[PDB]
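Novice: Could you have a look at this structure, given as structure tokens, before my questions?
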Amino acid sequence: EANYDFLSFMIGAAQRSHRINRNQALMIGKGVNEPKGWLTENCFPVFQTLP
Amino acid sequence: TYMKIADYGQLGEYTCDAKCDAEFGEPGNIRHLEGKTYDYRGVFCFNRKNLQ
Amino acid sequence: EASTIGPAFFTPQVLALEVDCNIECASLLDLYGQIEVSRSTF
Amino acid sequence: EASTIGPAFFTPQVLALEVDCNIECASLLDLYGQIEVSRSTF
Amino acid sequence: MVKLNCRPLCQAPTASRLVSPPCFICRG
Amino acid sequence: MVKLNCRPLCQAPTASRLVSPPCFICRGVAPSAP
Amino acid sequence: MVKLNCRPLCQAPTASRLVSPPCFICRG
Amino acid sequence: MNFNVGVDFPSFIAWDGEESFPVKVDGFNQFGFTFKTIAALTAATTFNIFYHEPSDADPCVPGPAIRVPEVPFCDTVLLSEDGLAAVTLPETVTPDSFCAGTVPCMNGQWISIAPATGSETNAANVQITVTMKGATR
Amino acid sequence: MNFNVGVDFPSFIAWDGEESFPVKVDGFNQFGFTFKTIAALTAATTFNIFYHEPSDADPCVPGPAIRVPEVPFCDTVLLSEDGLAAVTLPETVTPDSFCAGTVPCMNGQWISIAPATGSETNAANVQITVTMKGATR
């Protein structure tokens with residue numbers, strides 16, 4: 001029952017949650033249990049402006 | 001009546017080794033909604049001669 | 001998830017019976033002497 | 001009569017829209033270098 | 001102009017005796 | 001196993017400011033005085 | 001049932017100030 | 001299998017026998033009362049209906065208590081004297097039996113029920129409650 | 001154009017803040033609660049759920065109060081340490097927001113709510129009503 005097809009909604013709301021989470025990880029993921037993202041590894045040469 | 005996906009919700013993330021904390025996550029809502037319609041309903045009247 | 005989510009999601013199959021449950025009498029009409037008038041006083 | 005007789009004799013017109021309004025973010029996964037791999041620890 | 005429509009919640013049983021024609025008895 | 005479900009009866013508005021960059025200053029002008 | 005109809009006789013002179021943006025001044 | 005029908009037709013209190021409570025009917029578009037008796041009444045019990053407006057200071061608290069007018073329905077006759085809505089729980093209504101009425105034309109955003117004067121003696125044995133029908137957020 | 005939504009989803013008071021009430025759920029097949037607070041709570045409050053049975057003296061009056069067992073679905077991990085169903089209004093529920101919920105399996109003819117021990121002085125600030133669904137008879 002439940003005319004609104006729920007299974008396809010969860011299969012849809014799992015690839016979506018995966019997609020943004022992988023994107024979030026490769027940036028600021030911290031070492032253990034998440035790929036080391038390039039924003040937190042911080043071995044890119046960094047330039048900072050003057051006040 | 002229509003439907004409104006309120007939110008999607010999270011699904012347990014990125015465990016390298018089993019610690020068994022975020023198993024099921026949490027899902028979202030679907031939030032059935034409704035809505036009616038309205039109407040004007042006015043009138044007016046002239047007699048017969050002030051109109052003729 | 002399971003049924004803790006609203007009652008507008010499950011559409012109930014509307015079946016096509018109709019209980020009446022009332023009751024009439026018989027009729028003594030055919031026994032009575034039939035007759036037909038056309039004015040309102042005879 | 002009407003307007004005092006249950007709320008089930010009137011069947012609403014189920015229109016076919018589904019409002020979503022949920023932004024993902026923005027994709028940033030096609031810039032990076034892609035490499036298919038095999039059994040882990042390459 | 002509000003009109004109400006009441007209805008009972010629990011029904012009651014319905015018992016009634018079934019007395020039948022009595023023992024034939026002569027009128028004398 | 002009861003799982004609740006809650007909505008608010010009256011949502012509230014949400015204001016915010018719109019700060020925008022200031023007109024230019026520059027890090028030291030050449031012809032100047034101490 | 002009297003239907004009052006009313007008009008004004010003299011229209012008062014109007015004068016609206018045509019204000020325009022002031023000159024650009026930084027916030028700071 | 002029973003459905004969590006509190007969402008999609010919620011219900012709130014409107015008269016617990018000692019105090020009226022304004023119920024917000026803005027977020028929904030249909031509503032009705034479901035009377036219920038707790039002990040045998042003494043005579044006919046009459047209730048007034050009130051509708052509120054969003055208060056002048058705060059827009060999510062009810063304002064004063066204005067009495068909703070009543071409209072005919074194409075076959076009315078009684079036609080309550082001062083054109084003002086009212087409901088009369090008839091005498092000889094037993095417990096374990098509920099009655100359900102509703103004002104036709106909605107107005108304001110909070111509705112309320114109050115025991116009409118001269119009938120607040122045996123009105124402590126009634127308990128009105130409201131149930132809305134369909135969110136429109 | 002609002003309907004007499006009373007019949008076809010009636011509702012009754014189940015906890016008016018001072019005393020409970022048993023509400024009959026035989027005539028209907030599906031039901032649920034609609035919690036609602038009247039003033040800000042101070043801590044998480046917990047209510048117990050009870051089901052009655054037809055009394056032997058009279059089948060139209062509820063007997064003693066038994067406590068409804070607890071049914072887990074799959075996702076349950078708390079299990080409430082007792083196998084006896086109970087609701088818990090969380091802290092930070094502002095008194096203009098309702099919360100709905102119901103038991104997955106009815107049993108008996110009546111249902112009741114009462115504040116569990118410890119949270120008996122906050123429950124005086126909440127209201128719990130029950131609305132049913134289609135009538136079987």
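A note on labels: chains of the structure tokens are A, B, ... as shown, every chain counts residues from 1, and ligands are counted from 1 in their shown order.
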Can you write out as a Markdown table which residues of chain C fall within 7 Å of chain H, alongside each residue's closest atom pair and its distance in Å to one decimal, counting only C-alpha atoms and ordering rows by chain and ascending residue number?
Specialist:
| residue | atom | partner | partner_atom | distance |
| --- | --- | --- | --- | --- |
| C:3 | CA | H:3 | CA | 5.3 |
| C:4 | CA | H:4 | CA | 4.6 |
| C:5 | CA | H:4 | CA | 5.6 |
| C:6 | CA | H:4 | CA | 5.3 |
| C:7 | CA | H:3 | CA | 5.6 |
Novice: Which residues of chain F have any atom within 12 Å of an atom in chain A when counting only C-alpha atoms, and what is the closest pair of atoms for each, with the distance in Å to one decimal? Order the rows by chain and rising number and write it as JSON lines.
Specialist:
{"residue": "F:25", "atom": "CA", "partner": "A:51", "partner_atom": "CA", "distance": 10.4}
{"residue": "F:26", "atom": "CA", "partner": "A:51", "partner_atom": "CA", "distance": 9.9}
{"residue": "F:27", "atom": "CA", "partner": "A:51", "partner_atom": "CA", "distance": 8.2}
{"residue": "F:28", "atom": "CA", "partner": "A:51", "partner_atom": "CA", "distance": 11.4}
Novice: Store the residues of this selection in a file with N, CA, C and O atoms, as a short mmCIF file (atom, residue, chain, number, x, y, z; two decimals), in the first residue's frame.
Specialist:
data_model
loop_
_atom_site.label_atom_id
_atom_site.label_comp_id
_atom_site.auth_asym_id
_atom_site.auth_seq_id
_atom_site.Cartn_x
_atom_site.Cartn_y
_atom_site.Cartn_z
N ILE F 25 40.37 51.73 -0.48
CA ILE F 25 41.53 52.37 0.10
C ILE F 25 42.72 51.63 -0.49
O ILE F 25 42.60 50.50 -0.95
N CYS F 26 43.89 52.27 -0.49
CA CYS F 26 45.05 51.59 -1.04
C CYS F 26 46.21 51.68 -0.08
O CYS F 26 46.35 52.64 0.68
N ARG F 27 47.04 50.64 -0.12
CA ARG F 27 48.07 50.38 0.88
C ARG F 27 49.27 51.29 0.64
O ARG F 27 50.33 50.88 0.17
N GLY F 28 49.08 52.57 0.97
CA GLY F 28 50.15 53.54 0.84
C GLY F 28 50.20 54.21 -0.51
O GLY F 28 50.34 53.54 -1.54
#
Novice: To one decimal place, how far is CA of residue 18 in chain C from CA of residue 10 in chain D in Å?
Specialist: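 Computing the Euclidean distance for CA of residue 18 in chain C and CA of residue 10 in chain D yields 18.1 Å.
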Novice: Write out as JSON lines the residues of chain I that have any atom within 9 Å of an atom of chain E, one row each with the nearest atom pair and its distance in Å to one decimal, counting only C-alpha atoms, sorted by chain and then rising number.
Specialist:
{"residue": "I:4", "atom": "CA", "partner": "E:4", "partner_atom": "CA", "distance": 8.8}
{"residue": "I:7", "atom": "CA", "partner": "E:5", "partner_atom": "CA", "distance": 7.8}
{"residue": "I:24", "atom": "CA", "partner": "E:9", "partner_atom": "CA", "distance": 8.1}
{"residue": "I:26", "atom": "CA", "partner": "E:9", "partner_atom": "CA", "distance": 8.6}
{"residue": "I:27", "atom": "CA", "partner": "E:9", "partner_atom": "CA", "distance": 6.8}
{"residue": "I:59", "atom": "CA", "partner": "E:10", "partner_atom": "CA", "distance": 8.7}
{"residue": "I:60", "atom": "CA", "partner": "E:10", "partner_atom": "CA", "distance": 6.3}
Novice: Please identify all polymer residues within 7 Å of residue 108 in chain I, counting only C-alpha atoms, omitting same-chain residues fewer than 6 positions from it, and present them as a compact mmCIF listing (two decimals) with C-alpha atoms, in the first residue's frame.
Specialist:
# COMPACT_ATOMS: atom_id res chain seq x y z
CA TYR I 51 -5.46 -0.50 27.52
CA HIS I 52 -8.62 -1.61 29.28
CA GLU I 53 -10.94 -4.59 28.89
Novice: List the neighbours of range 7-19 of chain B out to 7 Å using only C-alpha atoms; skip same-chain residues closer than 4 positions along the sequence, and give me the result as a list in words.
Specialist: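 Counting only C-alpha atoms, the residues come to residues 13, 14, 17, 33 and 34 of chain A; 23, 24, 25, 26, 27, 28 and 29 of chain B.
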Novice: Using N, CA, C and O atoms, can you write the selected residues to a file as a short mmCIF file (atom, residue, chain, number, x, y, z; two decimals), in the first residue's frame?
Specialist:
data_model
loop_
_atom_site.label_atom_id
_atom_site.label_comp_id
_atom_site.auth_asym_id
_atom_site.auth_seq_id
_atom_site.Cartn_x
_atom_site.Cartn_y
_atom_site.Cartn_z
N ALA A 13 17.31 8.77 -2.17
CA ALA A 13 17.87 9.53 -1.06
C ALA A 13 19.05 8.83 -0.42
O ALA A 13 19.39 9.11 0.73
N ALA A 14 19.67 7.91 -1.13
CA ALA A 14 20.93 7.30 -0.71
C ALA A 14 22.06 7.62 -1.66
O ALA A 14 23.17 7.90 -1.22
N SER A 17 22.61 11.34 -0.79
CA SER A 17 23.40 11.51 0.43
C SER A 17 24.84 11.06 0.21
O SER A 17 25.77 11.64 0.77
N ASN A 33 39.30 7.02 8.38
CA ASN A 33 37.94 6.68 7.96
C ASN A 33 37.35 7.67 6.95
O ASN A 33 36.17 7.54 6.60
N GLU A 34 38.12 8.63 6.46
CA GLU A 34 37.67 9.54 5.41
C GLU A 34 38.91 9.94 4.63
O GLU A 34 39.95 10.21 5.24
N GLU B 23 24.02 3.22 11.98
CA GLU B 23 23.56 2.13 11.13
C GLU B 23 22.49 2.61 10.16
O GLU B 23 22.66 2.55 8.94
N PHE B 24 21.36 3.08 10.70
CA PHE B 24 20.19 3.35 9.88
C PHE B 24 20.07 4.80 9.45
O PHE B 24 19.34 5.09 8.50
N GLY B 25 20.78 5.71 10.11
CA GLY B 25 20.58 7.11 9.79
C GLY B 25 19.16 7.54 10.09
O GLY B 25 18.48 6.99 10.96
N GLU B 26 18.69 8.54 9.35
CA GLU B 26 17.33 9.02 9.52
C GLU B 26 16.77 9.45 8.18
O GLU B 26 17.48 10.10 7.39
N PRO B 27 15.52 9.09 7.87
CA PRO B 27 14.91 9.51 6.60
C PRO B 27 14.11 10.79 6.72
O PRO B 27 14.01 11.37 7.81
N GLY B 28 13.53 11.25 5.62
CA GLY B 28 12.79 12.49 5.57
C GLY B 28 11.29 12.28 5.61
O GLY B 28 10.78 11.19 5.90
N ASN B 29 10.56 13.35 5.30
CA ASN B 29 9.11 13.39 5.33
C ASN B 29 8.56 13.53 3.92
O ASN B 29 9.30 13.77 2.96
#
Novice: Quick check, in Å to one decimal: how far apart do CA of residue 3 in chain B and CA of residue 1 in chain C lie?
Specialist: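 Between CA of residue 3 in chain B and CA of residue 1 in chain C the gap is 16.5 Å.
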Novice: Under the rule of at most 12 Å, produce a per-residue listing of chain D near chain C: chain, number, name, the closest pair of atoms, and the distance in Å, as a tab-separated table, using only C-alpha atoms.
Specialist:
residue	atom	partner	partner_atom	distance
D:8	CA	C:14	CA	11.9
D:11	CA	C:11	CA	12.0
D:12	CA	C:8	CA	11.9
D:14	CA	C:8	CA	11.5
Novice: Mind dumping the selected residues with C-alpha atoms as a CSV table (one decimal), in the first residue's frame?
Specialist:
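Below you can see result07.csv, which holds the result:
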chain,number,residue,atom,x,y,z
D,8,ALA,CA,-15.9,11.9,2.9
D,11,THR,CA,-13.1,13.7,-3.2
D,12,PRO,CA,-10.4,16.2,-3.8
D,14,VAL,CA,-5.3,15.0,-6.7
Novice: Looking only at strand (DSSP E) from DSSP on the backbone, list the matching residues of chain I as a PyMOL selection string.
Specialist: chain I and resi 11-15+23-24+31-37+45-51+66-67+86-89+97-101+110-115+126-132
Novice: Could you list, as a ChimeraX atom specification, the residues of chain B having an atom within 9 Å of chain H when counting only C-alpha atoms?
Specialist: /B:1,31-36
Novice: Enumerate as a ChimeraX atom specification the residues belonging to chain D that approach chain B to within 9 Å, with only C-alpha atoms taken into account.
Specialist: /D:12-22
Novice: Atoms to include: N, CA and C atoms. Write the selected residues as a short mmCIF file (atom, residue, chain, number, x, y, z; two decimals), in the first residue's frame.
Specialist:
data_model
loop_
_atom_site.label_atom_id
_atom_site.label_comp_id
_atom_site.auth_asym_id
_atom_site.auth_seq_id
_atom_site.Cartn_x
_atom_site.Cartn_y
_atom_site.Cartn_z
N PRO D 12 -11.18 15.17 -3.22
CA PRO D 12 -10.38 16.25 -3.81
C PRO D 12 -9.69 15.81 -5.09
N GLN D 13 -9.49 16.78 -5.97
CA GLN D 13 -8.77 16.57 -7.23
C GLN D 13 -7.28 16.46 -6.93
N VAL D 14 -6.74 15.25 -6.99
CA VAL D 14 -5.32 15.03 -6.69
C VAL D 14 -4.50 15.53 -7.88
N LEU D 15 -3.97 16.74 -7.76
CA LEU D 15 -3.17 17.29 -8.83
C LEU D 15 -1.76 16.71 -8.77
N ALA D 16 -1.02 16.86 -9.87
CA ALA D 16 0.16 16.05 -10.14
C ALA D 16 1.47 16.81 -10.00
N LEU D 17 1.58 17.67 -8.99
CA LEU D 17 2.83 18.36 -8.73
C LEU D 17 3.42 17.87 -7.42
N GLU D 18 4.72 18.10 -7.25
CA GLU D 18 5.43 17.65 -6.06
C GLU D 18 6.54 18.66 -5.80
N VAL D 19 6.27 19.62 -4.92
CA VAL D 19 7.25 20.66 -4.64
C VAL D 19 8.44 20.06 -3.92
N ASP D 20 9.64 20.48 -4.32
CA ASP D 20 10.87 19.90 -3.79
C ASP D 20 11.71 20.92 -3.03
N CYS D 21 12.18 21.97 -3.69
CA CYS D 21 12.95 23.05 -3.08
C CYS D 21 14.00 22.52 -2.09
N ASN D 22 15.02 21.87 -2.65
CA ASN D 22 16.14 21.33 -1.87
C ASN D 22 17.38 21.36 -2.75
#
